[PDB]
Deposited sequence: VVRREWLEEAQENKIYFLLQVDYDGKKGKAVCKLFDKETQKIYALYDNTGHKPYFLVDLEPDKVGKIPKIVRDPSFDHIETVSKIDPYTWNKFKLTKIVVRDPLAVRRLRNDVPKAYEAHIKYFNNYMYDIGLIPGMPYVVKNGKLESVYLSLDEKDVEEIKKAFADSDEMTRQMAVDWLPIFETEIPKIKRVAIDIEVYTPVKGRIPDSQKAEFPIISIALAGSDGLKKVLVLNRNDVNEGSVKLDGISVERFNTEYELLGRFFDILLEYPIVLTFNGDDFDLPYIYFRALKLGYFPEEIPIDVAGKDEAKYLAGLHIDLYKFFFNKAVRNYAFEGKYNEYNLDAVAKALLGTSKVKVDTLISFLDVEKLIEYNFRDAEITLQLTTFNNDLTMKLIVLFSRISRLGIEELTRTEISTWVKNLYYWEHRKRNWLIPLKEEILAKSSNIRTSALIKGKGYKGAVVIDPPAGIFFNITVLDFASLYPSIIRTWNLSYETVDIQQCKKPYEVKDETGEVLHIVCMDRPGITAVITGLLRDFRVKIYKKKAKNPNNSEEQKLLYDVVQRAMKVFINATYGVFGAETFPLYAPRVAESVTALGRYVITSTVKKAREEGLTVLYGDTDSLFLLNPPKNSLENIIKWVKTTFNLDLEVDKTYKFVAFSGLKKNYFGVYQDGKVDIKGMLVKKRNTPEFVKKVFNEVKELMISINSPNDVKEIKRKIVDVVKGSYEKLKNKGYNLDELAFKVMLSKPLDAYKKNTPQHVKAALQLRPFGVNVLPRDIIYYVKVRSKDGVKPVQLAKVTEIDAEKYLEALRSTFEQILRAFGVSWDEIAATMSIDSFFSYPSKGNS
């Protein structure tokens, strides 16, 4: 087909596994840096799709809907460890011939386990594969390659985990390679099409593909800059350059797409921005109405919300940046909108258009079309290929393949890590129902309003993740029946909301703790350490960024009730101990001479205290619980009413309350940047616009319009003065 088979005893980077319905096998998609191509290794083990049932082989054999099904293969018996007790028991295993038979047969039995795992992930779990990592093909199977590490590097890992439990220490050595292994440079082309629209504001159905493609832009990471354009009211195919952009011209759309395929086929990865929904399907269905056979088109659009590029991987980057964990934790909330221009400005700082693109002359169509594709490539290129590296590390940590990962929420990424590790341990992955039944048997402190001076803030570095590990919280250690070493988890009235077993390490506690400690104890440090070469400085930086994404996302996914491993008592125990830690840390500040103005879930705003008293409560947290409290910030001053920070170098951290609006904004911020310890005359400069903006504006909207001017100023005047009227 489009993919050539991988060769015996060559080395490739695994990128993902797919299922081939035709051959009925899992296929590993293997990247070769030498040829810059992707090859296929088809499973040569006996591996088939399956699910588990806790009935007996002879009873399952009397269910004729299973046994007489054409995809029915055979029944076996396997063993699993119960996460709750670590006891070994037996389950029966229904093996069928194809993934679809798993979906069909799993409800012919009362209670099917491991029956909602996509076949290519289930293969990954059982073989023990890690995408984004290098392997050698030995006897048609993948074997991991030798990793060259400094002895000092590995001693440094082992020292940081010497105090941890058996599970953590071996898991730490088992994960090391995925943080020390180089990331491959993968050749890639972002593409972007434009189609003809008679009416201006009307996005054409990409299935119907009613109108011609007028151009396609291709921006490649190997320097390619291309625009293929359809000659509309003229007829010659001459080629030219336009500020570095190779423009080719075509009289028929058939030959335009012909040549788009030829170029596409040079790349192992195609990048789009919303190409799953638009670009690739539009190309695919135009190509069919133009006289391409299905089998000549290296795109498949048979999947529901997906476009596959048959000679490699297609990453739709719309879906990557729209990922909420990527948006918030990878890129610090820098974009609020998910369209190309919004993401590009936030991450690249690169800023429109007169008419619709159907009206545009050839020259402006070419610049505009190419710019879209160029920006799409650059989202993958900025900061020494940061986002290619993030994607690869995210695959490694989640063990999800690249295409599934860039199209899924982080809760799918975390689920996949946890299923993988269960399966490596031979643990049964529990049903969501069973976690509920096996579980069976008031705010943050407010800020006084006004003006307060020289404030230092105190943050818990990563609070919820840190308490997950510190208190051994996991779905299998909270509110369980048989428990030798219980631990009470109270909140306020010493109520004892839940019990937590310390008999065994909880898997969630082990993994979040291990990720966290890999980050703070080793990789944060290593990344900004001058003795490291610049190549490995960048690797370690991405490593710690990516760790951060999973750490900070962990509570949110485990706290959502849709999550397959959601235990209400885990989530509730986390917030409980969160209150307990911040409440308790508040009392110690009140008994050290510290004045506590503001306090949310993991932060404490402190009124200029001595350096002696800060060091007391920090080291006190380390002895009471085992958390790291630290000196976050040092505001020049802050104002309250929801707050309004000010730094001594300029910039302000205005929490909320920022939705005339342009000229007036700049005056307010340079007036507040003047701020010294004075007060009453500082506010009279700003009171010029209270009565001015409110009362003078005479010379859908009528007279209530002036309350919308007041909402970009409502909370700031509450700090200084009080409320007023002008009727």
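Residues of the deposited sequence lacking C-alpha coordinates fall in the stretches 1-4, 356-357, 448-461, 662-665, 684-691, 732-801, 830-847, numbered from 1.
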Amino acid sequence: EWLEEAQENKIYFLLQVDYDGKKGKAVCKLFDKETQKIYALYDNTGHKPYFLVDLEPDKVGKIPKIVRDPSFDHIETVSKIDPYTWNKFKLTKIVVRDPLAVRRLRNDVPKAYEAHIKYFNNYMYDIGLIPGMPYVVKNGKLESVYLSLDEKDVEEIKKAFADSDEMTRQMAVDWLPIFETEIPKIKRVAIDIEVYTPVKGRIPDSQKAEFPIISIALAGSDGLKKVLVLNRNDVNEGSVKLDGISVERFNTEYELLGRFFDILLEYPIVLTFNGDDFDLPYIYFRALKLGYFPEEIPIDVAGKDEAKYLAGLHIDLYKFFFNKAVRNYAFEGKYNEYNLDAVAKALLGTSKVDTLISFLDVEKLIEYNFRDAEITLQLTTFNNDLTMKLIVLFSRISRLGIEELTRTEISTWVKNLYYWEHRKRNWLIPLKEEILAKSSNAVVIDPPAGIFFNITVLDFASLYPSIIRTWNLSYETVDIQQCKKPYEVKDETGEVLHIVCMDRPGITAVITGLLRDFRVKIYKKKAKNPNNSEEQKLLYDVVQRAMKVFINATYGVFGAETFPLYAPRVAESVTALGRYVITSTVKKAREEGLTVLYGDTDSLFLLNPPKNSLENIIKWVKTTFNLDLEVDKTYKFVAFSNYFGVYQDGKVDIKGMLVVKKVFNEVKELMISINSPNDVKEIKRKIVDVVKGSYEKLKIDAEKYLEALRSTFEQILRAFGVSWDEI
From here on, numbers count along this sequence of modelled residues.
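When the C-alpha B-factors of 398-406 and 200-208 are averaged, 200-208 comes out higher. Higher mean CA B-factor, judged across 524-532 and 549-557 from the recorded values: 524-532. Per the PDB record, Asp649 has a higher Cα B-factor than any other of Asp517, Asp649, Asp316, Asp305.
Going by the entry's values, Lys622 shows the largest Cα B-factor out of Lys324, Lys622, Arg423, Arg371. Per-chain ranking of the deposited C-alpha B factor places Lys352 in the highest third. Sorting the modelled residues of the chain by their CA temperature factor places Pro49 in the lowest third. When the modelled residues of the chain are ordered by their C-alpha B factor, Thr583 lands in the highest third.
The PDB entry assigns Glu1 a C-alpha temperature factor belonging to the middle third of its chain's modelled residues. Among all modelled residues in this chain, the alpha-carbon of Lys661 has a temperature factor (C-alpha) in the highest third.
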